[PDB]
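J.: Residue numbers (the deposited numbering), protein chains in the order written: chain 3, 484 to 524; chain J, 5 to 375; chain I, 2 to 375; chain T, 31 to 158.
Even for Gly, the Cβ is constructed at its ideal location relative to N, Cα and C.
Provided herewith is a single structure, encoded as structure tokens, for subsequent inquiry.
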Ligand SMILES: Nc1ncnc2c1ncn2[C@@H]1O[C@H](COP(=O)(O)OP(=O)(O)O)[C@@H](O)[C@H]1O
Ligand SMILES: Nc1ncnc2c1ncn2[C@@H]1O[C@H](COP(=O)(O)OP(=O)(O)O)[C@@H](O)[C@H]1O
């Protein structure tokens, strides 16, 4: 009952490939910022 | 907004954002308090030291661990680690993001209920989820079926996963931690003439164990070679500038993992525990389980553990069966990586425990919502 | 074999005891110090004496500097240990070491080189036919006469707790604490300063030790005793120095041994002796704990303070569950108990199998001691 | 040691970067936020780590934000006087129900980057 009825293991594999590709590329990106700090800029 | 992944094993805490490869903050889960009286009027006033800042000034603190054997003994300290994680390292608002927490397989229900209650009432998180660590290890590995042995400071546990399903039959939880190995290392370092008693000296012994240890393929030839010659000798410098030589003990402390009789325990070794967990499953699925063994946790970072594990399992296994041991170079963080993957799935957003659901159901919602 | 009796030598950090097997009491008891002169020697014809060892080192302590060969149960200086052993064998007992075997005692958790050097010294120089090394806390259980129990031995060098159930000892539950009467003497010497008395030399340390042995006791309640000592002067006692001066110890009497239960007075992070004994009990299995609760055995000279047993029983009862019955067994002869156990171990007909022969040492070097003994 | 070498390379590349761009972004953002409020008393900060060591700048920031007037900082340039100024600022923050742990005078004085950033973030999030 925990897993949804309709899902793809290939979706999980493609997702981890997308994350590992960014690991290989090592592209610099900052974390998310709060909307309160978005107001001051 | 991307969710937060907070891996909390005993001894070390890792924290990061969802969708990222590596956690942002990694720091030990220690809270120290000063024991000596302060005589200089005008210094800073600090009642407690949390995390890495605690481990810099070990000389004037009594180090304590809030989590022991995967159980949170002190909750007031655990609040300090969580608050320091959210505000000092990540410096993010807790109410803006959902959080994901990890725990051992076999724990009392009060631990799960207390984590849910603290995570909702104090930090006002919009959503939260509790996930088992060893399944997240398989998400990091990248296979839908395999048996995983997660051994970390605090706990060791083996679970098999078939088709994304966790079998509750073959979940084995051994209480053979790295802290027990540290205590055994102190006891066997007493023999050479070196005495470490304080908790700061325990941290020094932990550094000695991490830097200078390995697992031998066979114990008897290693002991004979250690007795025959002095080639298996290394030196370490203490923080006060004293040089110590270990020698024999380098392959004796991790060997307690395979033979728990040195520590006085009655349970079998990790290889025998993994074999017994394999035998508890069905006959027709033992193929994939034998062919997809996954190692995880910081305890399995000793050199030569993979070959020894493969040999020991091969001896127990039938001769016709293929045995393969998978040991990623970055396996120590793999659990967290799995959580990040599980935090970023599109279909997982339906699975979050909403705040109003918790308000309706009480702290017992966690048992019916998550495995 | 029948008339020949193996010598029993108890060798602690503070004092050395020696005697024959089958005897109820040791023949020779004397402190383990080695003293050397420091001042000018001007009278010609008095003779030259390079070193003073033993009881007559104590008598002439005014003109000597005193050194302890054993510190924290470890033989730091081996030449002085040879001096002590020679004085024991020849001057004290008047026995040839070749005639009889020798039984020795030591601390549980010690460096391996100590045992190896003990074996090498007792074979190569004194030329003994056989020798055995045993643990003191195990011999205390022999002196008590019971199969099961937990032994807390506190001497001058080290304190240690070992549990034994049905003749089987658990190595993982053995606990060692470096808190003995040596540090208590140092603490008493430190706290006597605030009343105006200053002792600095090594000769005055023996005077401080005598003051501790004569005018110290353990309070059953620390805070109530402190309030009583602050309120009235009935707790004060007087001591006379060797030069005729009189000092008044007063409040310090129950403060020096209290460092055994609260090590934070000495800056140590370790737990007290009661908590150490309780932790050693709970490190064992569930089933034997009841028996380990019923047969706690005290030993060593440090446990000779008045009122130590009542305080220990009260603390253990407070720590233990209420449904169990807690009693502390402390014989009046608990200072010599280890030695008595040694004699009981040395006279057994079965133990004649377990001696380490000289031929075995000649074959195996000094490493034979670890394979045998314990 | 090859496995340990690869693990060490992962440590010193990925976690280092994933932190490092985050604090170098947040340092600029926090500097702009503090400098915007500090323009009323006509005081500028050019580096967040150096200017908060004295403790007078934090006192002026709390002066602007709080609305009432804090005790005088000690007119001395020693280390102990800087500890006084930072301790006074932390005391005033403690009096206003603001929750801080692992925060001390020596931590701000010594220039710990993440603790200074956490203090600034707490002042931003809770006080305003
Ligand atoms: N490089 C290393 N080599 C050997 N052992 C290590 C190494 N790093 C950590 N360890 C051991 O692993 C433990 C850390 O395990 P960890 O994976 O942090 O557990 P958890 O993450 O579940 O808290 C430490 O106690 C240490 O003894
Ligand atoms: N009557 C006594 N009362 C209190 N303490 C004593 C007494 N006699 C000896 N002690 C303490 O015990 C120490 C001697 O212990 P001892 O039995 O010689 O230990 P060991 O024989 O193991 O070296 C002394 O230094 C002193 O501190």
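In chain order, which continuous runs of the beta strand (DSSP E) of length 3 or greater are located wholly inside the segment 304-342 of chain I?
T.: Qualifying beta strand (DSSP E) stretches: none in this window.
J.: To the nearest whole angstrom, what separates the beta carbons of residue 69 (chain I) and residue 34 (chain I), a pair I think is in contact under 8 Å?
T.: Counting from one through the third chain, the residue named residue 69 (chain I) turns up at place 68. Counting from one through the third chain, the residue named residue 34 (chain I) turns up at place 33. The pair is a contact, with the Cβ atoms about 6 Å apart (cut-off 8 Å).
J.: Is it the case that the segment 149-162 of chain J contacts the segment 17-26 of chain I, given that we only count it when at least three CB pairs across the two stretches are under 8 Å?
T.: Output reads no: the segment 149-162 of chain J does not touch the segment 17-26 of chain I.
J.: Going by C-alpha to C-alpha distance, which of 32 (chain J), 43 (chain J), 129 (chain J), 365 (chain J) sits closest to residue 82 (chain J)?
T.: Stepping through the second chain from its first residue, residue 82 (chain J) is reached at position 78. The residue with the shortest Cα to Cα distance from residue 82 (chain J) is 32 (chain J).
J.: Under a three-way DSSP split, which group does residue 167 (chain J) fall into?
T.: In the second chain, residue 167 (chain J) corresponds to position 163, counting from 1. Coil.
J.: Would you kindly report the start and end of the unbroken alpha helix (DSSP H) that includes residue 53 (chain T)?
T.: Your numbering for residue 53 (chain T) matches position 23 in the fourth chain. It spans 46-67 - the alpha helix (DSSP H) in which residue 53 (chain T) sits, taken as one unbroken run.
J.: Under three-state DSSP, which class holds residue 223 (chain I)?
T.: Mapped onto the third chain, residue 223 (chain I) falls at position 222. Helix.
J.: Does the beta-carbon distance from residue 149 (chain I) to residue 296 (chain I) come in below 7 Å?
T.: The residue given as residue 149 (chain I) occupies position 148 in the third chain. The residue given as residue 296 (chain I) occupies position 295 in the third chain. Yes, these two residues count as a Cβ contact at 7 Å.
J.: Using 8 Å as the cut-off, can you tell me whether the segment 49-65 of chain T makes contact with the segment 129-147 of chain T, which would need three or more C-beta pairs spanning the two stretches below that distance?
T.: The segment 49-65 of chain T vs the segment 129-147 of chain T: in contact.
J.: Does residue 64 (chain T) have its Cβ less than 7 Å from a Cβ in chain 3?
T.: The residue you call residue 64 (chain T) lines up with position 34 of the fourth chain. For residue 64 (chain T), the answer is no, since every Cβ of chain 3 falls outside 7 Å of its Cβ.
J.: Within 7 Å of any Cβ in chain J, is that where the Cβ of residue 522 (chain 3) sits?
T.: Position 39 of the first chain holds residue 522 (chain 3). Cβ-Cβ to chain J under 7 Å: no for residue 522 (chain 3).
J.: Does any C-beta atom of chain 3 lie closer than 7 Å to the C-beta of residue 61 (chain T)?
T.: Numbered from its first residue, the fourth chain carries residue 61 (chain T) at position 31. Not closer than 7 Å to any Cβ of chain 3, the Cβ of residue 61 (chain T) fails to qualify, so no.
J.: Using the beta-carbon count (16 or more within 10 Å), is residue 489 (chain 3) buried or exposed?
T.: Within the first chain, the letter at position 6 stands for residue 489 (chain 3). It counts as exposed.
J.: Quick one: give me the first and last residue of the alpha helix (DSSP H) that residue 46 (chain J) is part of.
T.: Reading the second chain from its first residue, position 42 is the one you call residue 46 (chain J). That residue, residue 46 (chain J), is in no alpha helix (DSSP H); it is neither H nor E in DSSP.
J.: In angstroms with no decimal places, state the Cα-to-Cα distance between residue 222 (chain I) and residue 238 (chain J).
T.: The residue labelled residue 222 (chain I) in the question sits at position 221 within the third chain. The residue labelled residue 238 (chain J) in the question sits at position 234 within the second chain. So the alpha carbons of these two residues sit roughly 51 Å apart.
J.: Which stretch, first to last residue, makes up the alpha helix (DSSP H) that contains residue 4 (chain J)?
T.: Given a span of 5 to 375 for chain J in the structure shown, any question on residue 4 (chain J) remains unanswerable.
J.: If I measure Cβ to Cβ from residue 123 (chain J) and keep anything under 6 Å in the same chain, skipping five residues before and after, which residues do I get?
T.: For the purposes of this step, residue 123 (chain J) is identified with residue 119 of the second chain, where counting begins at 1. 129, 132, listed in sequence order.
J.: State buried or exposed for residue 337 (chain J), treating a residue as buried only when at least 16 other CB atoms are found within 10 Å of its CB.
T.: What you label residue 337 (chain J) is simply residue 333 of the second chain in a count that begins at 1. Looking at its Cβ environment, which holds 16 or more other Cβ atoms inside 10 Å, residue 337 (chain J) is buried.
J.: For residue 174 (chain J) versus residue 284 (chain J), is the C-beta spacing smaller than 7 Å?
T.: Residue numbering aside, residue 174 (chain J) sits at position 170 when the second chain is read from its first letter. Residue numbering aside, residue 284 (chain J) sits at position 280 when the second chain is read from its first letter. Contact: yes.
J.: Pull the bridge partners of residue 99 (chain I) from the DSSP assignment, please.
T.: What you label residue 99 (chain I) is simply residue 98 of the third chain in a count that begins at 1. DSSP lists no partner for residue 99 (chain I).
J.: Quick one: grab the DSSP three-state call for residue 257 (chain J).
T.: Residue mapping note: residue 257 (chain J) aligns to position 253 of the second chain, counting from 1. Three-state result, residue 257 (chain J): coil.
J.: Taking the straight line between their C-alpha atoms, what separation do you get for residue 298 (chain J) and residue 116 (chain J)?
T.: Counting from 1 along the second chain, the entry for residue 298 (chain J) is found at position 294. Counting from 1 along the second chain, the entry for residue 116 (chain J) is found at position 112. In a straight line, the C-alpha of residue 298 (chain J) is about 26 Å away from that of residue 116 (chain J).
J.: Quick one: is residue 66 (chain T) buried, meaning 16 or more other Cβ sit within 10 Å of its Cβ, or exposed?
T.: For the purposes of this step, residue 66 (chain T) is taken as residue 36 along the fourth chain, with counting starting at 1. Label assigned to residue 66 (chain T): exposed.
J.: Exposed or buried, what is residue 332 (chain J) when buried is set at 16 or more other beta-carbons lying within 10 Å of its beta-carbon?
T.: Working through the second chain from its first residue, we reach residue 332 (chain J) at position 328. Answer is buried; the Cβ neighbour count reaches 16.
J.: Determine contact between the segment 238-251 of chain I and the segment 259-277 of chain I, defined as no fewer than three beta-carbon pairs at a distance below 8 Å.
T.: The answer is no - the segment 259-277 of chain I does not touch the segment 238-251 of chain I, with fewer than three Cβ pairs under 8 Å.
J.: Name the residues in the segment 5-20 of chain J whose C-beta lies less than 8 Å from a C-beta of chain 3; which are they?
T.: From the segment 5-20 of chain J, only 5, 6 have a Cβ closer than 8 Å to chain 3.
J.: Roughly how many angstroms separate the alpha carbons of residue 126 (chain T) and residue 92 (chain T), rounded to a whole number?
T.: Numbered from 1 along the fourth chain, position 96 holds the residue referred to as residue 126 (chain T). Numbered from 1 along the fourth chain, position 62 holds the residue referred to as residue 92 (chain T). Cα to Cα, residue 126 (chain T) sits roughly 11 Å from residue 92 (chain T).
J.: Applying the criterion that 16 or more other CB atoms from any shown protein chain within 10 Å of the CB defines a buried residue, is residue 11 (chain J) buried or exposed?
T.: For the purposes of this step, residue 11 (chain J) is taken as the residue at position 7 of the second chain. Residue 11 (chain J) is buried by the Cβ-count criterion.
J.: Is residue 300 (chain J) near ligand 1, going by C-beta to nearest heavy atom under 6 Å?
T.: Working through the second chain from its first residue, we reach residue 300 (chain J) at position 296. Flag unset: Cβ of residue 300 (chain J) not near ligand 1.
J.: Check residue 193 (chain I) in the structure and name its three-state DSSP category.
T.: Residue numbering aside, residue 193 (chain I) sits at position 192 when the third chain is read from its first letter. If DSSP states are grouped into helix, strand and coil, residue 193 (chain I) belongs with coil.
J.: Could you please tell me which residues of the segment 266-290 of chain I, in chain order, have their CB closer than 7 Å to any CB of chain J?
T.: Those residues of the segment 266-290 of chain I that come within reach of chain J (Cβ to Cβ, closer than 7 Å) are 270, 271.
J.: Can you tell me whether residue 156 (chain J) is helix, strand or coil according to DSSP?
T.: Reading the second chain from its first residue, position 152 is the one you call residue 156 (chain J). Residue 156 (chain J) falls in the strand class under three-state DSSP.
J.: State buried or exposed for residue 79 (chain J), treating a residue as buried only when at least 16 other CB atoms are found within 10 Å of its CB.
T.: By 1-based counting over the second chain, the position of residue 79 (chain J) is 75. The residue in question, residue 79 (chain J), is exposed, as its Cβ has fewer than 16 Cβ neighbours within 10 Å.
J.: Quick one: what's residue 58 (chain I) bridged to in DSSP?
T.: Taking the first residue of the third chain as 1, we reach residue 58 (chain I) at position 57. According to DSSP, residue 58 (chain I) bridges with nothing at all.
J.: Taking the alpha carbon of residue 293 (chain I) as the point to measure from, which residue in 351 (chain I), 162 (chain I), 38 (chain I) has its own alpha carbon closest?
T.: Position 292 of the third chain holds residue 293 (chain I). Closest by alpha carbon: 162 (chain I).
J.: Looking at residue 306 (chain J): is its Cβ nearer than 7 Å to the Cβ of residue 217 (chain J)?
T.: Reading the second chain from its first residue, position 302 is the one you call residue 306 (chain J). Reading the second chain from its first residue, position 213 is the one you call residue 217 (chain J). The answer is yes: Cβ separation under 7 Å.
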